[PDB]
Number of protein chains: 4
Amino acid sequence: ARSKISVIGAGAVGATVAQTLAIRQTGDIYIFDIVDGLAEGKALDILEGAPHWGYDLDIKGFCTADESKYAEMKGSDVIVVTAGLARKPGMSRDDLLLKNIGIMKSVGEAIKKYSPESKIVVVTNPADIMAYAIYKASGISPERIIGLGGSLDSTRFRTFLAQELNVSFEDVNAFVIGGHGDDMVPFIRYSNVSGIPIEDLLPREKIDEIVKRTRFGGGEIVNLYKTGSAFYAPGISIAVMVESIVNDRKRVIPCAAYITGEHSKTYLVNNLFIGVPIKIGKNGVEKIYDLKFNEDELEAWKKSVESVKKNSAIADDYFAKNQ
Amino acid sequence: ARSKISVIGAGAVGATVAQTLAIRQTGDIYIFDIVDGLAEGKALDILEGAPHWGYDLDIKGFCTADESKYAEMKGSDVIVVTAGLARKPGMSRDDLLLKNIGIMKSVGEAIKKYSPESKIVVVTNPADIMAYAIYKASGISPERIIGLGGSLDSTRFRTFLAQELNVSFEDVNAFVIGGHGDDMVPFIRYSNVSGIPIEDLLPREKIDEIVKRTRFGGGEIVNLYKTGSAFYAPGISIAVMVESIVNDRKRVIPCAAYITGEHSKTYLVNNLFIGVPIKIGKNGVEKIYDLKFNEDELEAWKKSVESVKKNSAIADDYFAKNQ
Amino acid sequence: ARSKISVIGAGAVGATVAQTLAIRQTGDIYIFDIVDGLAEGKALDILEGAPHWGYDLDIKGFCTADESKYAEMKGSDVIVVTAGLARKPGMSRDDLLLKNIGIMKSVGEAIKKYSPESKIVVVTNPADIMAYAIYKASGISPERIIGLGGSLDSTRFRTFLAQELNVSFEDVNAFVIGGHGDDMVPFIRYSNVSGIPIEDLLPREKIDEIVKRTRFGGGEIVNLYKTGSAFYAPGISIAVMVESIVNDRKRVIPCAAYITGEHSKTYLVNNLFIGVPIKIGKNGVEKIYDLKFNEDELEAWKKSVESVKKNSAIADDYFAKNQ
Amino acid sequence: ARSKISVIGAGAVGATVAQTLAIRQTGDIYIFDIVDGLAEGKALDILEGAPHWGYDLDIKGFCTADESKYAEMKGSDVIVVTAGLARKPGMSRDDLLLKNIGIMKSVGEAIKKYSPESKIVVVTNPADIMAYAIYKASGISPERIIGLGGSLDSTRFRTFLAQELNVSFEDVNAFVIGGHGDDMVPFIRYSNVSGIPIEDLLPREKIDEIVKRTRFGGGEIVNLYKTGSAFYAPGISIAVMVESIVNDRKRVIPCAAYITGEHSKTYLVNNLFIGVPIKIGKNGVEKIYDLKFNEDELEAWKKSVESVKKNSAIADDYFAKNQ
């Protein structure tokens, strides 16, 4: 009677997604992790709060050291992919990408085997490239796969704007597309407080500072935690995407999506994932909005595109060599 | 305009409490931790999710490496104490109790200095003894201090019953008083599904199994996590206590509370904290309910009483030895 | 995509149920009424609050003057029957019973014609008899039909107890079975505050006054409104039953249910609807709990049974006369 | 304690506001109405649903045929004024305005007497003029009074756009200021779906249709209800204003607000209430945003201003011959 969501990865991010989905009563939640005991423990800890919170859900966790346990994903409406590494001492983010692509390949093949009907929300960073790897490995029709990106950048951008202007978080709207960091592309003219353009409220230098803080917002958290990365804001940023699919909400949120056909004319890429505004519903990507760029936005977009093309070619090379 | 809650400790439990209070919109939340960056990081990560969740709250974090930062607790309606250690099989429970009592002493001294008007919710285990230590150190009127105990044991007990009977978590009621583990005292006769006693619904053998799992429920999670203890279920168990104070809900939940006067005739302890059913309101403990014990419950209670008396005497001795 | 609920009757009670289901995001909601414009108006008014409340739901209303509009019920998981008429004195309530039985016959035939797969929650008073009429008219398997009764009496009883004792409404449990008014049968021994029996907390004289107030709680509201009856508390009392079906919650709540087989040995009625504790799930009634009556409860139950047997015979006679 | 809200008027709108505040747990809610039994009945019906909904609030109702019952407003953080005269046949719009101004005088005087510290949210239509009457009658500092307008027009406009574009209600933003009907002034250029201008999504003819439907949105519901006016969407539209004050959320929403000083240079009125974007906080109006008009908007605004000047002049004339 209820929708089913699987979460792959039971670390801080995946477990936060699971706890968030339970609070928001999105559906039954099954958690998966290769680490002995981890997914089972997170699921139980989350489930044990149900009598206080009020959620009547089936919440379970499984160890995938025996990959056969991936069979428990069967019937999932959405699978959230959060498995993967963060940098180890002596690892470039270039080495990290390659490592994570390999994990995506394994995960995608498991999804293909046990739950090929699911829509997929890919979280592992950079999620545009990891969504691409999931697509290549799973064979799932590409409109059914989306990557986390803009939901998180926009929530940070809104937070900073709201604090600066001393207004409710609900009334700030901050428009971003593309990736994280230098690949992020804000449309300041589309950012506002209850419709009032930010450019009518803050001077350029202040907006610039806020844009910068947003670009490096993940690193800001890493520098505070020292030994881990953000998970609270990512968790809810992911959950709002998931629930839009499960409950067919038709939220319009920038996410990493597969660009093809007429959309390639606007976004200057073809057959790749990159962050663009999408309508999210029961079928996955229900619509890609084609934006109109001014010159600054276009030049910024071109840089973002080159980074994605570069990293996607790396994923291509990996799959070509590892049948 | 909003109430203010301070959370001392920004590890898994304290930060979960903070995120939980934010979701339930309990009030502004200030987080404190001796580890540089940690409380600020947890606060920012939680705050950055505000635009998606919808909470319009001030959420801040501070480093207490210098105790002067505790000045930021000023005007807190509730302070949640989650500071303290868990050494694991290296030193005994006794060494651990002593370590934590010392932490409560310094925390309580800081509370007296910077926010002596606050109600306190003590989480550090065993919370009855740690509440007693907070009382001795802070000088706060003892009705204004409560310890986490029954809120958590009861949520676990209810989860297990509901799954065994395949019923809503909302309709299961599980009655426990006393401490954790062998110090916990269930009243099976007061446990029911929508009023129907559980003894009419399950074989005694199964009820005993569920009682034992509840006793060692925290250990069950520790085994699954390997390197840490439960935090999700404790987080909401703590938040329901905090919000009952802040919003004067008059919840009736078993918590560690100070027993004196006529209540000592019922609970056989005097001037100590122990887990009993209390009405929780804006003034802290607004009523202690005096239970009638049957013979089995009485026996079990007396054992719990001896444990609390013994550990409380250890706390007295520590305080006597340290001015 | 989403679950669908139809509400028949767009008066105060039906429209309150609709707005309640929307707020609680239970599913898409279609409203039906014979009165031109009424259901369409209630639906639009409710839908137009969606941007503030947050519910992304399809909410529509239809006039059933042309009965073919009932085709819009197709695919409903649950249908709520609130259609009915009139008052207590003035005209005879026996005359009223017959009139409402006739409306149930028409509504039941429409359901069989257009949405025979739905579970049905019957609200029209007395809902035990009206559920019986829906069953006779619709041919729907009887476990898939339940009547409002206990959910509303228990919420009133809980309210009165919580006010008297100055405790949270969440922690009061009040046990009733049977019908309304003199037909209601409280189990004082199964009523408690967080497990503590109310007999341990209030003088018997007070409990008796509260029981009497619950019996005549509907009349208390009529006395205040003058020209109408209660709708806010009924609305939520109905919605918790509906959502238990839609979301398969397994709530345990007393409702009017079809009593047969071994249950007839406990409840002394056979092949009739009467208020008993049931587990409510995606299949409708998933369990009837068989209580053990003490002498006093049994004597009260026999009276309630006699009233239901009499009125069910009247319903039988009506159907026999109009086949 | 908890925050307290008084609601004056226990008809459909006032009682809907009360039930909405309860569900949203905004604070204690006291309802007042001159008609014997009505406020008491609405309050009790609402309170009796608390055990199911979960709100632990003091909800009470009083009949103000005895004026002294207004003493029960004491300590209210916000007072919501919904009392008004139902328009009688043959009564002109100006005659209705005069009657309602008279009711605002009585209400304002009771507020001045019994709860002069309150912020006021005025609902009685037209709320700009009625806010102005409440100001004249109560002597309350005018930044502490706001009138319902744009919150309701915006929610309707958002509903229509979301349905037309098949997107989530959460992501549509519809910018309006001024009054209702022909006094409403939309800024199409500030209306968008997740930042994407609606002028990039819909052609002018479709946008015009939706603007027009919004202008006469109230009338559309009246034509469906036939015997009354909208209340569900107004209820939540009001409640979001009220909770922004009580919980100091700093929502930015167009409301009727007192225009003076520098703001008069932008809005072309002085010392009158008219609908403009405001930041709503614990002090009432925390900020008025000064918009930049194009020619169409300026001309439409001048019309809106003239209507407000004319009706405010009628109010001045009324107060001048009654004191």
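Below, each value reflects all heavy atoms present in this structure, side chains not excepted, and no hydrogens, waters or symmetry copies. Chain letters run A, B, ... following the sequence lines, proteins first, then strands; residues in each count from 1.
- The closest donor-acceptor contact from the side chain of B:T155 to the backbone of A:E48 lies at 3.5 Å or more, if one exists at all.
- Annotation for A:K69: atom NZ does not count as buried by contact number, only 12 or fewer foreign heavy atoms lying within 6.0 Å.
- Neither the backbone nor the side chain of A:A10 comes within contact range of chain B; no heavy atoms are under 4.5 Å apart.
- Annotation for A:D56 and B:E170: closest pair OD1-N, 4.4 Å, computed over non-hydrogen atoms.
- Residues of residues 32-42 of chain A placed with any heavy atom under 4.5 Å of a heavy atom in chain B are listed by number as A:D36, A:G37, A:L38, A:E40, A:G41, A:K42.
- Taking 4.5 Å as the heavy-atom cut-off, the residues of residues 236-249 of chain A that approach chain B are A:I236, A:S237, A:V240, ordered by number.
- Interface remark: B:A174 contributes no atoms to any contact with chain A (heavy atom separation under 4.5 Å).
- For A:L57, the part lying near chain B is the backbone, with the side chain staying farther off; criterion is any non-hydrogen pair under 4.5 Å.
- Considering all non-hydrogen atoms of both residues, A:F169 and B:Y55 come closest at CD1-O, 3.3 Å.
- Atom CD1 of A:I59 is separated from atom OG1 of B:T159 by 9.5 Å, given to the nearest 0.5 angstrom.
- With a 4.5 Å cut-off on non-hydrogen atoms, A:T16 touches chain B through its backbone and its side chain both.
- Remark: B:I23 CD1 to A:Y232 OH distance equals 9.0 Å, nearest 0.5 Å.
- For chain B, the option among A:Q163, A:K226, A:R24, A:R156 with the highest count of heavy-atom pairs below 4.5 Å is A:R156.
- For chain A, the nearby parts of B:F231 are the backbone and the side chain; heavy atoms of each come within less than 4.5 Å.
- There is no contact between B:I253 and chain A, counting heavy-atom distances below 4.5 Å.
- Nearest heavy-atom pair across B:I221 and A:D45 is CD1-N, 4.1 Å.
- Closest approach of B:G49 to A:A233, counting heavy atoms only: N-CB, 3.8 Å.
- Comparing A:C63, A:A15, A:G61 by heavy-atom pairs within less than 4.5 Å of chain B, the highest count is held by A:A15.
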